[PDB]
Every structure is written in structure tokens, then in C-alpha cells.
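Per-entry structural report
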There are 2 protein chains.
Amino acid sequence: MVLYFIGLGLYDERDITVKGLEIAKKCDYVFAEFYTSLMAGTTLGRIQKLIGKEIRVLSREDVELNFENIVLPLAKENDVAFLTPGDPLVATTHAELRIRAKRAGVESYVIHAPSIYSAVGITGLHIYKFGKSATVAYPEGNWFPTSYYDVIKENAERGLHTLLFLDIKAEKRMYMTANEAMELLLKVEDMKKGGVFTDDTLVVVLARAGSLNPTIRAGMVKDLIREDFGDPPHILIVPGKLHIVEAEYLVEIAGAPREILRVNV
Amino acid sequence: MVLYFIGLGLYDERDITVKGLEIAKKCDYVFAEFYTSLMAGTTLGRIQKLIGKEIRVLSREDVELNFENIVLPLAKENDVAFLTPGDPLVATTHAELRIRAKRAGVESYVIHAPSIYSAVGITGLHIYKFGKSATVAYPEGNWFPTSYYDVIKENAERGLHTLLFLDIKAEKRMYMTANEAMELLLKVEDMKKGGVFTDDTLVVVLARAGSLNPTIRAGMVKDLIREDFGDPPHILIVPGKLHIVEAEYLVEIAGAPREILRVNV
Ligand SMILES: Nc1ncnc2c1ncn2[C@@H]1O[C@H](CSCC[C@H](N)C(=O)O)[C@@H](O)[C@H]1O
Ligand SMILES: [Pt+2]
Ligand SMILES: [Pt+2]
Ligand SMILES: [Pt+2]
Ligand SMILES: [Pt+2]
Ligand SMILES: [Pt+2]
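Per the deposition metadata, X-ray crystallography was the technique used to determine this entry, at a resolution of 2.80 Å.

Structure (C-alpha cells):
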């Protein structure tokens, strides 16, 4: 008589925790959503196969409007699981869904999974040095979001790193690339001139974490902005002040210029 | 031919990903360390039974001083696995090990798993609002660290949440508790009088993340400082100004005082 929030992990269907896989198997109903992120290494088919259940996929509307009409009821009698890419509660508004469940008399449990928020550790940057985070959103119409630019600025002054989730348009099937994100920030630099993001700023790009051969590249915008990083999902990082060892990792593992090694202490 | 960095997850043996188990089982040699953190929900015996291989445990010294002599050699002619709690490379000194693997001419691949960094999402706080992270260290000798206090100050100032790791004596098997951590912050407040951590400060305590029954509690320090949060590990969080939705989750889920709806929002 419970409902389960089970993460699916970063890349393919095997990125799920054993615990999550065994609970999903003994589940009466299985729902899922694939609009919060992109699992570029699998297919609903491979997932259903690994689970041994038919998975009913929900849209953002079904969830943000009819979660308690579509899913909660079934959990007032059976054992239902809600699957999501990566960690179900990270950089999503799903947490509020738990209150819905509560208010509906349904117990909820969270089975975590590998998230991009911690996967950044593979870039060589210290996870504790990351400051506030932000999302580079696609401008739409005459509306041009810029808040993320200020986030990058704030952290930079404190010497902290910035994690930038790139935008996604699941239904339109649009997945922002690091390049597009780099382009937008340049145009925001022009508008604001805070000297926060420029052709020289060092950036880090992580593509397809969770795959066994992800793309990890570091360098100055001008040198990376026109580079092919492979298929999405992509994630962008604007480092703050580096530690020698962070720099060494970036050069030896991310192909950055042996010059960034000279940290301007 | 390769060396695999595999995360074991947060609490028990089922917290490892499916991909991680398959890879580990097919490996020739399997190493693991348990000094960065401990899996309170399990034992080395259950981990060994699950993988079905003899696991050699390495000391902090073993890794930091002789990783290239104990682990890397075997990866020249075999497929070796290095197990670590959480997500690989989230521990500061861990990323550097990949640089060694390369120089020894060894190819390395990272297999992620849930980390505490992403798992705190279960507190209801928004991930993007987390600032710099810090660790509350036990004073000892003529050494009384207080930097973690400033981290909280600079974060709260900018409306950001502070994730606070508690000190662990991994060999002695002794966990710092949320309570002990609160005591320390009170003594530090009483010394720097910056009005950062007082009896009235709202804090969140997370214990045993990763289990189906973790302890999530929120309230004023004066009301939690002597509450029983169960067995370690404990994580302490000093949230910045709350988003109403956050406040609602902490109340409805973490059983927090209604006060926060008017007070901390
Ligand atoms: N495996 C992966 N590799 C690279 N980027 C990833 C990724 N998974 C998610 N991202 C990035 O994260 C943003 C989507 S936000 C969704 C995050 C997801 N809920 C989680 O917890 O992991 C996009 O920028 C997407 O590219
Ligand atoms: Pt039931
Ligand atoms: Pt497109
Ligand atoms: Pt430069
Ligand atoms: Pt091989
Ligand atoms: Pt103790």
C-alpha cells in the first residue's frame, strides 16, 4: 500500500540501484516520466524488459496536474512505482509530489540513483567547491532569461565553481548542447558586461555522464565553443579558482591547455 | 585490461547499481576502501556475498601512499575493481587516483552510484540552492577549526543552504552526531558572535540516507540539540531562506514546526 520514487540513473537501464531494481520488480504498477532529463543509453523497451513490467509513461502535464488523479489512486490499494532519470528528486519539482501523496493518505519512499549533480566529480573539480547552481534556459519569443549569468558571477567572486544544467524540451525533442549554452552566455556578456563570461573564460564540459566513454573537456570558450561533444545530454561548468590538483586533472584527463596549471594564486 | 572505479551507494549492499554489480562480478581482483565513509546499513560480508568475490580492504594509507603498488600493477594484466562508498571521485583525493592510473598506463572507467550530495534532495530543499559545502571537525589539541562556520555565514548571506558533513573516526569506528555538531556550532557562535548559528536557527538533520527509513527532521536548534536521530551517519544542513514549497515539505514530511511557514520563508 505504498508508492515508490525510483531513480533510473544517468545513462542506460543498468544505472539503477540493485535495491531499486528488486523493488520495481515486485510492483503492481509502474509509471515513469522522461521529460526532466535524458537517458541517452537506453530505451523504454530495454527498461520494461529489465523490469518485467509494462511501464505507463506520463507527460509533464499528467504529473504537474494529474499525478493525484492518475497515480495516487492506484497506490491507495497496490504497490506503485514512479521512475525518473537520475535521482528522482534532484533538479526536479517532484519532492512536492510527496506531499500530494501524504495528503492523499499514501506512504512514499525514495530509492535514489546516480545523479548528474554528483557525477561532476569525474571532471576533477572538488564537489565541495561548487557554489549555487543554475539552468541555462532557451530564450523564447522576446523573453530572454539571464539569472544564471548572475549566479555564475556571485560564485566566481567567492572562488566557487558553478554547475549549469542545460535546458530541455522533451516533447519537441530539443536538448541544449554546451555550445548553444556557451553562445547564450556570450550574448549575455554583451548585454551585461560583467566580465563574467568571455572568449577567454575557462569552462568544463561533461557529456553523457554515466556512459563508459563520456566526454570531458576543459579549455577557454573560444577554443571549445565550436567543438563537437557528441549527443546530449550535455552539462556545462564554469570553474572558480582552481586548486593545483584540479588543474592537473583537467590537463591530464580533460585535455585542457597545460597552461591553466599555473594557478594565479 | 581496465581498472574500474565503482560506487557502492549510501547505506547497504543493494545501493550499488546493477551495472556496478555486473562489472564487479566479472573482475579478476576487487579492492575497496571504507575510510572516506562507512555503509552503516551493511557489512563487508554481505558486500562480498553479493559480488561473490573476495574483497581486499585498503587503508587510507594504502591508497594515498601506495595505490600504484597495490592496485595498479594488477590492472596491467587483469580487470580490477576499486569499490568506494557513495559515488566514485566525490572524495577529494579520489580524482587524483585516475591521474596515477593513466601514468601507469592503465585505462580507468567510473561507475557512478548515489551520493549524499544528491541524496539530500530528500530533505525537500532545492538542489540549486546549495552553496559551498563543509565538514564539522572535532577540535583536538591546540587546534580548534571554525572555517565551517564561515561557510555557513557566506552561504546564508546569499540565501544558499549549507551541507555539513560530520567528522568520522573511520578506523576507531566513531561517528560525530548531529547533536555534537550542533553543540560545536553553538560554541563557535559564542566565540565569533556573528549571529550565524544560535538556539533559534532552523536546521535539518538527515540520517541513514539511502535506507527506506531515513530520519529527516527539521526544527530550531534549541529543540533538536538533544533529540534522538538514531544510528549514524548524520548529516547536518543549515538552510538559507526557504522557498514556501520547501517549508511545506519540511513541515509535512520532516515534521517541522509550523513556525517556519511565517518565520523562515
Ligand atoms: N548523464 C548525464 N550526462 C550529462 N549531463 C546530464 C546527465 N544527466 C543529466 N544531465 C544534465 O542535467 C540537466 C537535466 S536536469 C535533470 C537532472 C536529473 N533529475 C538528475 O538528478 O540527474 C541537463 O543539462 C542534462 O544534460
Ligand atoms: Pt497495500
Ligand atoms: Pt533541436
Ligand atoms: Pt586564457
Ligand atoms: Pt582486458
Ligand atoms: Pt564519539
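Moving on, there is more to tell.
A closer look at unusual backbone geometry
The amide bond that connects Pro232 of chain A to the next residue, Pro233 of chain A, takes the cis arrangement and shows omega of 0°. Along the chain, the position of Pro233 of chain A falls in the loop between α8 (221–224) and β12 (234–238). Phi angles above zero are rare outside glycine, and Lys193 of chain B is one such case at about 30°. In this structure, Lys193 of chain B sits in the loop between α7 (178–192) and β10 (202–207).

Digging into the packing of aromatic side chains
All names here are of chain A. By the definition in use, this model includes nine aromatic pairs over all chains. With a centroid separation of 6.3 Å and an interplanar angle of 20°, the aromatic rings of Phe5 and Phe67 are classed as stacked. Linking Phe5 in strand β1 (residues 2–7) with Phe67 in helix α3 (residues 60–70), this pair joins segments that are 62 residues apart in sequence. Through a chain of ring-to-ring contacts, the aromatic side chains of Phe5, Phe67 and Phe82 assemble into a single cluster.

Quick look at the pattern of salt bridges
Under the defined criterion, the tally for this structure stands at 33 salt bridges over all chains. Across the pair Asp12 of chain A and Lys19 of chain B runs a salt bridge whose closest N-O atoms are separated by 3.3 Å. Here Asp12 of chain A is found in the loop between β1 and α1 (18–25), whereas its partner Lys19 of chain B is found in helix α1 (residues 18–25) on a different chain. The salt bridge involving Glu64 of chain B is made with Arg60 of chain B; its shortest N-O contact spans 3.0 Å. A residue pair is termed a helical-turn pair when its members lie 3 or 4 positions apart in one helix, as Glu64 of chain B and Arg60 of chain B do in helix α3 (residues 60–70) at four residues. A single network of salt bridges, built from pairs that share partners, joins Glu252 and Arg258 of chain A together with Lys102 and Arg103 of chain B.

Topic: the site of ligand 1
All names here are of chain A. As a structural note, the neighbourhood of ligand 1 is formed by 18 residues, with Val90, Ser115, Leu166, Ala209 and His234 the closest of them. Contact between ligand 1 and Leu10: a nitrogen atom at 3.5 Å from a main-chain N or O atom of the residue. A distance of 3.2 Å separates an oxygen atom of ligand 1 from a polar backbone atom of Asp87. Against a free-state accessible area of 550 Å², the protein chains account for coverage of 95% of ligand 1. Those elements giving two or more residues to the shell around ligand 1 turn out to be β7 (161–166) and β12. Of the residues belonging to the shell around ligand 1, the class tally is 10 nonpolar, six polar and two charged. Counting only domains with at least three residues in the shell around ligand 1, you end up with domain 1 (1–114) and domain 2 (115–265).

Some remarks on the side chain of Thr215 of chain A
Residues and elements named next belong to chain A. One can find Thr215 in strand β11 (residues 215–220). Among the polar contacts listed, one links the side chain of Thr215 to the backbone oxygen of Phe229, at a separation of 3.2 Å. Residues within four places of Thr215 in sequence aside, it is in contact with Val205, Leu206, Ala207, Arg208 and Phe229.

Description of the layout of surface pockets
Residue and element names in this part refer to chain B. Of the volumes computed, that of the second largest pocket is approximately 1,200 Å³. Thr36, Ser37, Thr135, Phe165 and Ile168 are the residues nearest the centre of the second largest pocket, which is lined by 50 residues in total. Its residues placed into classes, the lining of the second largest pocket shows 27 nonpolar, 14 polar and nine charged.

Points about the interface of chain B and chain A
On the chain A side, the residues contacting the 50 residues of chain B number 52 residues. Our count for the chain B to chain A interface comes out at 10 salt bridges. Across the pair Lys102 of chain B and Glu252 of chain A runs a salt bridge, and its minimum N-O distance is 3.8 Å. Across the chain B-chain A interface, the total number found is 23 residue pairs in polar contact. When residues of the side of chain B that touches chain A are traced back to their parent elements, those giving at least two are α1, α4 (92–103), β5 (107–111), α5 (116–119), α6 (147–157) and α9 (244–252) of chain B. The greatest single-element share of the side of chain B that touches chain A, amounting to seven residues, is contributed by α4 of chain B.

A look at the packing of helix α6 (residues 147–158) of chain A against helix α7 (residues 178–192) of chain A
Residue and element names in this part refer to chain A. Closest axis-to-axis distance for the α6/α7 pair is 10 Å, and the angle between their directions is 80°. Our classification of the angle between α6 and α7 gives roughly perpendicular. Each of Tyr148, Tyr149, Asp150 and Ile152 in α6 lies in contact with α7, whose residues at this interface are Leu184, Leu185, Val188, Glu189 and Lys192. Each residue belonging to the contact of α6 with α7 can be placed in one class, and the counts come to six nonpolar, no polar and three charged.

Section: the sheet that holds β10 of chain B
Residue and element names in this part refer to chain B. Taken in spatial order, the five strands line up as β6-β7-β12-β10-β11 in an open sheet, and their pairing is mixed. In this open sheet, the two edge strands, each paired with only one partner strand, are β6 (134–136) and β11 (215–220). Across the sheet, the mean angle separating the axes of adjacent strands is 25° when strand polarity is ignored. Where strand β7 (residues 162–166) and strand β12 (residues 234–238) come together, four bridges link them in antiparallel fashion. Paired with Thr162 across the two strands is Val238, which belongs to β12.

Rules and cut-offs
Residues carry numbers counted from 1 along their chain as the sequence is written. These may differ from the entry numbering, and residues without coordinates are not shown. Chain letters and ligand numbers both follow the written order, the letters beginning at A and the numbers at 1. Neither water nor hydrogens contribute to the side-chain values; these are computed over all heavy atoms in the structure. To qualify as a helix, a DSSP run of H or I must reach at least 4 residues; to qualify as a strand, a run of E must reach at least 2; elements of each kind are numbered from the N terminus. Put simply, two rings from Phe, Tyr or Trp (the six-membered ring, in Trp's case) pair if the centres are within 6.5 Å, and we call them stacked under 30 degrees between planes, edge-to-face over 60, tilted for the rest. One side-chain nitrogen of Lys or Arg within 4 Å of one carboxyl oxygen of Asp or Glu is enough to make a salt bridge. Any residue with a non-hydrogen atom lying within 4 Å of a molecule or strand is treated as near it. Pairs of N or O atoms are called polar contacts if they sit within 3.5 Å, as long as, within protein, a hydrogen donor faces a hydrogen acceptor (for residues adjacent in sequence, only side-chain-to-side-chain pairs). The method behind every accessible area is Shrake-Rupley, applied with a 1.4 Å probe, and residues are considered shielded solely by the protein chains displayed. The residue classification treats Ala, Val, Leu, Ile, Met, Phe, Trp, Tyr, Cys and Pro as nonpolar and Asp, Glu, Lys and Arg as charged. All others, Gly included, are polar. The domain limits used here are those given by an automatic or database domain assignment. Residues are treated as being in contact if the distance between any of their heavy atoms lies within 4.5 Å. In this analysis a 1.4 Å probe is tested at points of a 1 Å grid over the protein atoms alone, and where it fits but cannot get out there is a cavity; an open set with protein on both sides within 12 Å along at least five of seven lines is a pocket; lining residues have an atom within 4 Å of a point. Grid points are joined across faces, edges and corners, and a volume is the space filled by probe spheres set on the points. For helices, the fitted axis covers only the stretch in contact; all axes are lines through C-alpha atoms, and the angles between them, taken along N-to-C directions, range from 0 to 180 degrees. Note on angle classes: values under 35 degrees are labelled roughly parallel, values over 145 roughly antiparallel, values of 65 to 115 roughly perpendicular, and the remainder oblique. By this definition, two strands are paired if DSSP reports at least two bridges between them.

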